[PDB]
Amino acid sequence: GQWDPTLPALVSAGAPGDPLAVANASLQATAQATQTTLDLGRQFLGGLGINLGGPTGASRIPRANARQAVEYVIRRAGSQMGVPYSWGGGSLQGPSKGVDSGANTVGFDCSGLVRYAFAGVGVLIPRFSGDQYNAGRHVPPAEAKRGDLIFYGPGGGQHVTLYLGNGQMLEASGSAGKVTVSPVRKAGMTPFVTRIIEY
């Protein structure tokens, strides 16, 4: 089968025309996300003693600090362990109320969590999991490494997780009801993983 059997076979939040997609496509929202991501990247690079001047954004990270960026993203996602699951939940700075079933629950969904995590190093990935799938470089799962994104469902539309290495993935899981670390699941995986930051 083409879905992860352990999670509902639903296309995830922010898919084309859904409430979350339309909310986010405004010029003002788009600009707010772009600037906030830039602000966070400045914060990350500042903490390393780097302040860029003059005139996804993975290219803004010096090669020297690409590994560190991956570690910071994983740390950031890890900081959210135990936060509740909420469909459509998440801002670039933390959990938020979601949409639909998530409209009154502060939390994260699968794609919300990983977008929050990457934004910490100034990389803005798309809101919808199926878009995230195409936001980096496709790599055969046998060649996956710590930091890659793992996807489930047709076109990665169902679910997305952050591979830790160690046969583990960090995920906002509808079955767990929370942000958790789980063994990597084979059933329902897309053909590729996606590398957002190269190292």
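Just count from 1 along the sequence shown to find any residue number.
Checked against the record, the higher mean CA B factor of 44-52 and 60-68 lies with 44-52.
The question of which stretch, 21-29 or 181-189, has the higher mean Cα B factor is settled in favour of 21-29.
Out of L149, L164, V139, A172, the entry records its largest CA B-factor for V139. Per the deposited record, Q93 carries the highest C-alpha B-factor of all listed residues (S111, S86, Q80, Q93). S101: CA B factor in the middle third of modelled residues in this chain (values from the PDB entry). Looking at the C-alpha B-factors along this chain, the one for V160 belongs to the lowest third. Among all modelled residues in this chain, the alpha-carbon of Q35 has a temperature factor (C-alpha) in the middle third.
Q132: CA B factor lies in the middle third for its chain, per the PDB record.
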